[PDB]
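Because only heavy atoms are used, hydrogens play no part in the values below, and waters and symmetry mates are left out as well, while side chains stay in. Both counts, for ligands and for their atoms, begin at 1 and track the order of listing. Proteins come first, then strands; the chains are lettered A, B, ... in the order of their sequence lines, and each starts at number 1.
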Amino acid sequence: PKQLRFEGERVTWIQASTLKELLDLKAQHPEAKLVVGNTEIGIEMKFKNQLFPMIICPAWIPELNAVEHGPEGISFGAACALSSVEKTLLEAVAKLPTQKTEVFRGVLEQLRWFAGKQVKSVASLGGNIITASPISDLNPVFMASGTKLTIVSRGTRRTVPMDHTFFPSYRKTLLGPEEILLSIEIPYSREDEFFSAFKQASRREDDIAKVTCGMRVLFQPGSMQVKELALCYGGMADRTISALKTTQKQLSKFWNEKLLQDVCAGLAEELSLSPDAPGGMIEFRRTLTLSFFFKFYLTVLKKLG
Amino acid sequence: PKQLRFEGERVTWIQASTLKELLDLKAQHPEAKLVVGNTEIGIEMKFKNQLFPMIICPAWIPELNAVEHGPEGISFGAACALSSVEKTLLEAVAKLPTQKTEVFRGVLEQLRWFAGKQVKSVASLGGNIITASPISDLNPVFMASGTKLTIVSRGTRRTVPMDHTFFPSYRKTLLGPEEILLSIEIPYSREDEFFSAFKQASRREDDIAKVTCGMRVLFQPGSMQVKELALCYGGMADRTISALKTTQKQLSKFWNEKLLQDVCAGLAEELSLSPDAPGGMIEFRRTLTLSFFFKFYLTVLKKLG
Amino acid sequence: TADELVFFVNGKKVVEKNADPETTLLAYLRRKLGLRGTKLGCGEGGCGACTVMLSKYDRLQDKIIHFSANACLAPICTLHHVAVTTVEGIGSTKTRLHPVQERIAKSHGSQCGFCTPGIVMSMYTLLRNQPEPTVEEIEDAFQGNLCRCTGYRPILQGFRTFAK
Amino acid sequence: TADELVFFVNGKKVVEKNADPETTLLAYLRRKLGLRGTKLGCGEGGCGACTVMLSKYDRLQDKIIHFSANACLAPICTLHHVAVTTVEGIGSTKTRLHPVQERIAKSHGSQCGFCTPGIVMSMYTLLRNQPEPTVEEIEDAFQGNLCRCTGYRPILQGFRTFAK
Amino acid sequence: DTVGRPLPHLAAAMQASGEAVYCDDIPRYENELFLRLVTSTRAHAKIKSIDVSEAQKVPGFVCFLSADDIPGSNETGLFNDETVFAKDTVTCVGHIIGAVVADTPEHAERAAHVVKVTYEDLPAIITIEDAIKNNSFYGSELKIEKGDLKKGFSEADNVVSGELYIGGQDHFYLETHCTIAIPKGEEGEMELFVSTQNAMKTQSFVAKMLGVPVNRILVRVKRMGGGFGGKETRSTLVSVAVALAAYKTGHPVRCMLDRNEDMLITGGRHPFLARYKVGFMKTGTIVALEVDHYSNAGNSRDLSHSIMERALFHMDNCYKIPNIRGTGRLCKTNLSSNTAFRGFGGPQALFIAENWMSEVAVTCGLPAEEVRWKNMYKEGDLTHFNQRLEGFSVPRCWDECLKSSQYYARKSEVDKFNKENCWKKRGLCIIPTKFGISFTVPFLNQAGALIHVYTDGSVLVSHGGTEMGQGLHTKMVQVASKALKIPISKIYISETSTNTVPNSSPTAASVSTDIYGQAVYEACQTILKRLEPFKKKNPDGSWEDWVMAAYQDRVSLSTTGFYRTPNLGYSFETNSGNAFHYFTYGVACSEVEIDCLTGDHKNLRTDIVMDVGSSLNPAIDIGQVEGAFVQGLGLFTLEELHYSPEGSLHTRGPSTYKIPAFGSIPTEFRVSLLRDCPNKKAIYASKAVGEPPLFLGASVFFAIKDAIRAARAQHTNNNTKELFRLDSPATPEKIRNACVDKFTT
Amino acid sequence: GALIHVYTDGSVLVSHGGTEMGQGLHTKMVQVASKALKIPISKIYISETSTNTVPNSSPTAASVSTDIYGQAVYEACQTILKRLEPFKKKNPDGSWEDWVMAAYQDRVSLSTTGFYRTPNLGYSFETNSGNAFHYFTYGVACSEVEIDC
Amino acid sequence: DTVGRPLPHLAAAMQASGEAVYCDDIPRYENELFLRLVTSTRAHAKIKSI
Ligand SMILES: Cc1cc2nc3c(=O)[nH]c(=O)nc-3n(C[C@H](O)[C@H](O)[C@H](O)COP(=O)(O)OP(=O)(O)OC[C@H]3O[C@@H](n4cnc5c(N)ncnc54)[C@H](O)[C@@H]3O)c2cc1C
Ligand SMILES: Cc1cc2nc3c(=O)[nH]c(=O)nc-3n(C[C@H](O)[C@H](O)[C@H](O)COP(=O)(O)OP(=O)(O)OC[C@H]3O[C@@H](n4cnc5c(N)ncnc54)[C@H](O)[C@@H]3O)c2cc1C
Ligand SMILES: Nc1nc2c(c(=O)[nH]1)N[C@H]1C(S)=C(S)[C@@H](COP(=O)(O)O)O[C@H]1N2
Ligand code: FES
Ligand code: FES
Ligand code: FES
Ligand code: FES
């Protein structure tokens with residue numbers, strides 16, 4: 001395979017055959033748009049009337065399609081189709097002990113009533129992440145689990161866990177102008193670690209006001225005493241957000257009725273929407289942030305007591 | 001104006017701006033086809049399935065369009081439209097003494113129920129001559145009058161009166177591979193010089209068996225004693241022919257009933273057709289060679305007695 | 001590495017960048033320019049259905065010259081810097097008919113109509129050269145145009161009105 | 001100085017020498033290749049009317065892989081060395097209908113018929129991957145296809161006959 | 001003879017192979033151009049300027065079209081209150097200002113986006129509540145009133161009042177609006193290929209815009225990829241635009257709307273606001289009813305008045321109410337003009353009836369089935385509009401549905417589930433429908449046909465009806481085959497066209513099978529009479545031979561057929577005369593399961609029993625019942641249109657507007673056609689089936705409402721006889737909010 | 001055969017089996033329908049000949065087209081006139097347009113076939129009897145020529 | 001009433017302007033192809049090969 005060049009009335013397309021080409025091209029043209037499945041770029045160009053005079057397609061590059069099993073979890077090249085991620089995670093879930101697949105099963109739950117086969121067969125993992133939609137069903141799960149992102153440019157390579165700081169403002173991520181997301185490692189579940197993922201079954205605006213979440217609790221060995229707690233939400237702001245103020249207060253508390261009530265009060269306050277917040281459904285959305293946590297609360301108890 | 005070059009699937013066309021270009025091109029590519037009006041070539045290419053991979057169009061060249069009045073007659077560039085030839089000759093005829101326009105009026109007679117204005121506006125003079133159709137209405141008149149032809153290639157220039165030798169075989173003329181017809185001088189009529197032109201009002205085959213003629217007599221000063229006699233016929237052979245054997249016998253004879261009979265007998269014999277000559281109409285064509293001469297014979301008497 | 005052919009059709013510039021020497025003006029008008037008023041009747045110069053007017057500045061004569069031609073036989077490659085006028089170039093029922101078009105129509109000079117543009121263009125050409133023709137000029141203008149429907153009488157009767 | 005795009009549609013080679021990056025596969029099928037079985041329903045990946053199958057040799061996996069895609073969102077410039085199969089690729093009333101096409105037709109799974117090629121292509125793709133699917137695989141194959149006429153029951157009853 | 005047989009849609013095999021041609025599948029002419037509409041982005045504003053400089057720079061740009069290029073008339077619409085192109089002011093977000101013409105659809109799209117318009121905003125009215133407050137209505141109040149309302153209310157034990165809202169609906173035909181216009185270049189002649197249910201009005205509106213007689217315009221319709229009412233009048237928005245570009249350029253022009261344009265521009269189902277008051281007895285028996293309806297009509301009249309008439313005709317549903325007053329107003333608003341949608345105001349008014357009927361039963365502490373059955377009309381009863389109900393078959397459908405659904409046994413198991421579950425509840429509801437059959441404007445109830453027999457014995461049928469998936473042409477071929485007594489393989493329907501059948505009513509009102517059936521039947525009787533002499537001369541010969549003998553004896557093998565629906569003419573003064581030729585009846589039972597923590601729900605089971613007379617085609621009719629019902633479940637539970645406070649639609653594609661999916665339908669889904677109930681009033685004893693079953697999708701709404709009731713008993717109140725307001729669509733937002741608990745508080 | 005439609009604007013569309021080849025059949029048919037209907041020729045149009053409007057037509061031939069299609073068109077016009085008569089009586093001083101619209105609104109069909117069959121034809125080559133033609137057209141010409149012998 | 005009157009052919013004005021459409025004047029579809037007959041050059045003969 002060799003690099004291909006296509007030229008239109010308005011757009012120049014380069015099909016990169018190799019990671020090195022991709023990173024060289026990206027450093028020569030930092031404003032160039034990566035396109036993989038085009039399930040978002042195609043919408044942006046058609047409906048939001050964006051024009052990207054220069055596009056690079058990295059879909060051929062072997063590194064961006066690699067599926068790897070490591071000690072920490074399963075890594076997926078950023079160009080892996082959602083169907084491939086789903087197939088891999090289904091196979092992992094069937095093979096591994098339940099205790100190690102809490103996050104995998106959370107990923108799969110968000111993928112359940114996602115798009116049809118036609119979209120999942122071409123929509124990429126990295127594309128969903130870097131799209132950075134406020135209502136992405138995947139970024140809450142990745143944020144809650146601390147999914148590790150490998151991010152590369154010419155010279156530079158760095159791995160970071162996904163956290164609140166990765167999505168600084170609307171539709172924006174923590175990548176430089178010349179950077180591309182290489183791979184994503186979805187972690188194994190530890191002992192005393194539990195996870196859930198929930199979603200509003202219906203959006204009403206294109207990219208706001210659909211509640212979706214990823215929830216993780218890690219307990220002290222053999223106990224019900226909180227060691228770590230992460231509650232991450234889409235649909236509640238112009239970005240994926242973490243309820244950090246609420247969960248920080250629950251560190252070294254016990255999983256009881258008192259925790260339930262303290263989290264709900266923290267959530268109701270930390271994630272409160274103004275009456276004219278974009279997207280409306282103000283009461284419903286509030287109720288969902290609390291009801292979803294209740295769902296997580298009861299599921300965790302069943303996984304314990 | 002500059003030379004233009006057009007390239008198609010099968011044909012390369014060169015529009016020459018200049019005599020020099022024409023002659024250089026013609027020497028470099030002796031097989032190249034000159035096209036002016038295309039009223040013959042277009043028929044040849046469409047209906048007789050000729051292909052000429054290389055065409056030169058000399059219509060722009062000023063020499064090939066030049067109308068000149070000399071002491072001997074009126075010269076026309078080979079590219080002059082028949083309509084221009086006709087307009088010039090009508091103007092000459094209205095202005096000059098009848099005695100000087102016997103040939104001009106014979107040219108005009110052949111042009112009378114020729115094609116329509118659309119054809120005469122683009123069909124060239126040199127084109128009709130070099131076509132060399134056995135039934136050309138013009139070549140008999142030119143042959144009978146001894147119309148002078150200027151013929152040029154690179155280096156070479158030569159003027160010849162048109163005679164029997166100019167059309168050696170079917171569709172062929174006495175030009176070299178590299179030669180073009182430059183101009184044509186239609187002569188003034190002399191004292192004691194008389195001319196007629198006649199034609200069959202109807203062809204039945206595309207290029208044979210339509211009788212057409214040009215007839216010239218030159219008498220000794222003030223007499224009825226034949227000095228020169230030229231009887232030229234189309235439609236009687238695969239080429240324009242002259243009844244030389246018949247007319248040579250009449251030299252220094254008198255324009256009487258005895259000459260009438262002698263010429264008719266010469267004609268009937270010299271121009272005899274075999275029963276299955278191409279184009280048929282054997283009796284009719286015979287009858288017309290004689291009836292046309294009779295018409296000339298009587299008209300000459302009226303111009304005299 | 002080929003030259004551009006530039007001509008005009010009905011007052012409008014045609015730049016052809018890949019002219020084929022074998023392309024007749026008829027083919028070009030109908031099938032390139034989509035001007036279907038000019039008709040194929042024989043393709044051999046005898047019927048005149050394809051008659052159009054041509055116009056050029058004559059580098060010899062001075063003058064702009066106007067003359068009729070058979071589009072079926074005119075190679076486009078002869079027309080560089082030539083102005084073409086077809087039947088749609090002179091008038092229409094959408095806008096206004098030329099007097100020639102109106103008079104052939106009202107005089108019953110058109111039956112099937114297929115010869116009409118050709119005959120219209122021959123008459124038009126005559127008028128553009130000679131605005132006040134004789135009756136004799138008028139009948140001799142059409143030796144190139146055939147009509148199978150009318151028997152010709154109405155057409156000359158109608159155009160006769162342009163004379164004297 | 002542009003590269004040629006080479007792909008296949010219904011077993012037939014397409015060489016595009018001037019590919020425009022903005023050209024969707026839908027536009028290409030319909031308006032370039034004249035294959036109008038594949039339909040526009042939304043142009044945003046929601047309805048599946050434009051579903052086609054795609055096939056490639058996977059340079060990682062080994063294998064030829066088959067998968068459905070939305071033609072409305074697939075840039076042609078992603079399809080270099082990819083084989084496209086549309087509804088006309090699998091069967092016709094002129095030749096022979098594929099069992100998928102026959103069964104949706106006879107089971108009353110087609111009313112206006114506008115969604116039918118897309119639904120046919122989703123089922124087809126499922127069967128090309130799994131010749132003996134479960135009933136569960138069959139209902140879940142269509143999350144990407146919308147039908148406004150049928151209320152879906154007849155389609156699933158028809159295709160249910162492929163299971164077990 | 002295939003009448004009563006489950007014969008598949010004639011085109012179904014070709015639709016499955018992608019060989020069936022829809023408007024945009026027709027091949028382009030070499031010189032064919034593409035049009036894109038330029039549309040308002042303000043709800044109410046003055047147009048201050050239109051700038052096309054940047055559009056003129058798009059490659060392939062041909063021209064921009066506006067009100068000033070129109071040769072005839074800019075005045076359009078059903079009541080002449082629309083423009084083809086807005087000139088001074090725009091009056092909704094979808095409002096058509098102009099159109100770009102280009103050489104490809106991609107260039108037309110690029111050029112249209114870059115057309116810049118300048119506005120000065122004006123006071124806008126968007127909601128029904130805005131329109132009531134501003135007295136912004138078309139026309140005056142419509143009203144049907146029977147009995148004595150003071151007095152009925154005096155006699156009543158209990159009186160419940162309330163307000164109810166039902167949102168609109170996007171048609172979501174898979175094939176969007178599409179027109180090809182071919183100008184001939186002679187005498188203003190134009191030929192149009194259109195995805196429309198109304199070839200006649202297309203023809204008229206195009207002729208009107210062009211200032212040209214109707215005889216110059218030929219409109220042709222082969223098939224639509226769905227219509228559902230959406231193409232009955234609104235198609236002309238595209239058609240006239242495209243006729244204009246054709247006239248102006250002299251080239252063929254086409255346009256097919258992208259989903260997002262179609263949704264914004266072409267209008268949908270009328271949102272209804274109802275204020276109601278019912279008087280009843282402790283037993284459940286209704287004694288008085290008062291309903292004021294308000295429809296959100298949008299920015300023109302269109303079919304809004306007729307829709308409101310059909311709503312007043314259906315405010316009874318299947319219940320005898322001795323004292324009744326129904327009124328309706330049409331709200332003039334700065335939204336895209338709303339139009340026909342399967343049901344034509346019926347579902348709205350039937351939803352309002354079943355709502356107060358649900359509240360009657362909760363107030364009386366009675367079982368819902370009991371209260372409905374006891375209030376039900378009997379055979380021979382008059383309606384509030386004084387039309388006798390002959391062959392009222394709801395009781396048969398009811399008892400048959402109870403039996404087949406095993407209602408009473410599943411009522412127990414629903415209560416068992418609810419006793420045993422805390423955060424999930426089940427609901428169960430049985431619901432009747434009746435739907436009146438005819439256009440309510442009597443003059444639309446006319447139908448023509450044209451039949452030709454060719455000398456090979458093959459038959460070509462043409463009628464005024466259009467195919468949009470409902471299998472009209474299939475049913476017409478079945479009718480002609482039975483009438484002519486020849487195999488269906490001898491008869492062909494090609495297309496609908498204004499040069500074969502003139503002046504045709506829109507394909508609408510569920511009456512097409514009825515009226516064109518009859519017109520075709522009549523044409524076939526004419527043929528049969530003409531062929532009868534030859535049939536006698538040669539009694540053992542073939543159809544082919546009789547036809548050839550008829551040709552050779554110079555007997556015409558071509559005839560028109562015409563039908564006019566008898567005995568129709570209702571008067572809103574007098575309250576008398578028949579509004580409908582007959583009623584189609586049905587009953588559905590549905591069970592759902594709600595997730596009280598999410599508002600999410602499962603459709604567990606639905607049983608339908610429909611009275612469709614003697615079905616001409618069981619397979620087609622069952623498919624209409626199922627398709628309609630699923631469109632109703634969409635209406636009542638899933639589909640929600642959403643606007644900005646400035647009146648701009650947000651929901652403009654399948655990602656933001658959810659029509660029912662494969663996985664939306666009831667897990668167990670049973671439809672039965674009622675046996676031995678022939679209809680005297682229609683062709684071969686059949687009944688209209690297109691629109692009547694859609695409202696039966698409300699059984700899902702009221703099953704959901706029952707489940708919410710159980711969640712409310714679990715976590716909110718101890719008051720059984722509690723009423724709470726649940727608007728349509730009952731989406732997860734509305735369901736969840738109604739399940740008041742420790743979380744909602 | 002013939003088929004005529006009156007649209008609701010009062011505009012008329014005529015279709016018959018005859019084809020136009022320059023002889024002015026459509027012109028003559030429009031003249032006949034204008035006369036029979038009693039409306040100006042500007043209200044009537046003939047578009048084309050087509051097998052889906054008029055089936056089984058004989059070739060446009062034998063000089064009989066004006067004769068036979070003239071009759072069929074005439075007959076279709078009589079049917080339109082009968083159907084419009086009640087509305088003409090209800091509004092004797094109204095216009096064609098109003099009578100047509102009133103007809104449409106009362107659900108009267110404004111579409112009809114027309115058919116004509118030449119009577120009394122059937123010649124036998126055995127018996128040498130029965131009419132071969134409906135009638136004969138007659139004429140006389142005098143010509144003078146000059147020949148060139 | 002024009003019967004008996006010298007009314008010009010209805011299409012005569014459009015024939016004179018070249019606006020009247022004859023068969024080859026109809027526009028070509030983008031995918032429209034062209035046919036040419038292959039014809040005998042012999043009056044009576046057996047076809048031996050094409
Ligand atoms: C019908 C439909 C339904 C959908 N439903 C859901 C849903 O329910 N929940 C949900 O969360 N999402 C949903 N999506 C969104 C979808 O999953 C994403 O659009 C998709 O994964 C993006 O991937 P892509 O390969 O098509 O990216 P593209 O459109 O090609 O690109 C997306 C963005 O990512 C950038 N990009 C891609 N790869 C890299 C790289 N590795 N490094 C840096 N930048 C990169 C591109 O520049 C671009 O800005 C839906 C989409 C469709 C069409
Ligand atoms: C329908 C119609 C009617 C006609 N009727 C008659 C008629 O009644 N009587 C009659 O005699 N003819 C008649 N002709 C023939 C007509 O006169 C010739 O076709 C015309 O004169 C040829 O000129 P052209 O410019 O069109 O030649 P082209 O077609 O351009 O060329 C003619 C031939 O001459 C050659 N040629 C042209 N110029 C030169 C040159 N300067 N030097 C060397 N070779 C040259 C070309 O190479 C070609 O071989 C008729 C033609 C048509 C179309
Ligand atoms: N497939 C299909 N079924 C359909 C529709 C449609 O567009 N497609 N429209 C419905 C509506 S709105 C009506 S009024 C009826 C009308 O056609 P009919 O009179 O032949 O039932 O079809 C109904 N069923
Ligand atoms: S077509 Fe007959 S002269 Fe050109
Ligand atoms: S009118 Fe018919 S050929 Fe002239
Ligand atoms: S057109 Fe609807 S998904 Fe492609
Ligand atoms: S059959 Fe009409 S959309 Fe499915």
So does [X] pair up with [Y], basic N to acidic O under 4.0 Å?
{"X": "E:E639", "Y": "E:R269", "value": "no"}
{"X": "E:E109", "Y": "E:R36", "value": "yes"}
{"X": "G:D25", "Y": "C:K39", "value": "yes"}
{"X": "D:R148", "Y": "E:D170", "value": "no"}

Within a distance under 4.0 Å of any heavy atom of [X], pick out the atoms of ligand 6 and give their elements.
{"X": "D:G46", "result": "3 (S)"}
{"X": "D:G43", "result": "1 (S), 2 (Fe)"}
{"X": "D:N70", "result": "3 (S)"}
{"X": "D:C50", "result": "1 (S), 3 (S), 4 (Fe)"}
{"X": "D:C72", "result": "1 (S), 3 (S), 4 (Fe)"}

Worksheet item: CG/E:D262 to NE2/E:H177 distance, rounded to the nearest 0.5 angstrom?
Response: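 Spacing of CG (E:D262) from NE2 (E:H177) equals 4.5 Å.
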Worksheet item: Of the options E:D621, E:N617, E:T513, E:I620, which is the one that meets E:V689 in a side chain to side chain contact (heavy atoms under 4.5 Å, CB included)?
Response: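 Only match with E:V689 under side chain to side chain contact (heavy atoms under 4.5 Å, CB included): E:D621.
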Worksheet item: Given D:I119, which of D:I155, D:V100, D:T51 fulfils the side chain to side chain contact (heavy atoms under 4.5 Å, CB included) condition?
Response: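 Among D:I155, D:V100, D:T51, the one meeting side chain to side chain contact (heavy atoms under 4.5 Å, CB included) with D:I119 is D:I155.
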Worksheet item: Can we call the ring centroids of D:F142 and D:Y152 under 6.0 Å apart?
Response: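 No.
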Worksheet item: How far is atom 2 (Fe) of ligand 6 from its nearest protein heavy atom, and which residue and atom is that?
Response: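 Protein heavy atom at minimum distance: D:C47 SG, 2.3 Å.
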Discussion item. If the cut-off is 2.8 Å, does any N/O/S atom of D:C42 fall short of it from atom 2 (Fe) of ligand 6?
Written reply: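 So D:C42 counts as coordinating atom 2 (Fe) of ligand 6, yes.
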Worksheet item: Which protein N, O or S atoms lie under 2.8 Å from atom 4 (Fe) of ligand 7, given by chain and residue number?
Response: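 The answer is D:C115 SG, D:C147 SG.
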Worksheet item: For D:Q101 and E:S17, does a side-chain donor sit closer than 3.5 Å to a side-chain acceptor?
Response: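 The criterion, which ignores hydrogens and geometry beyond distance, is not satisfied for E:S17 and D:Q101.
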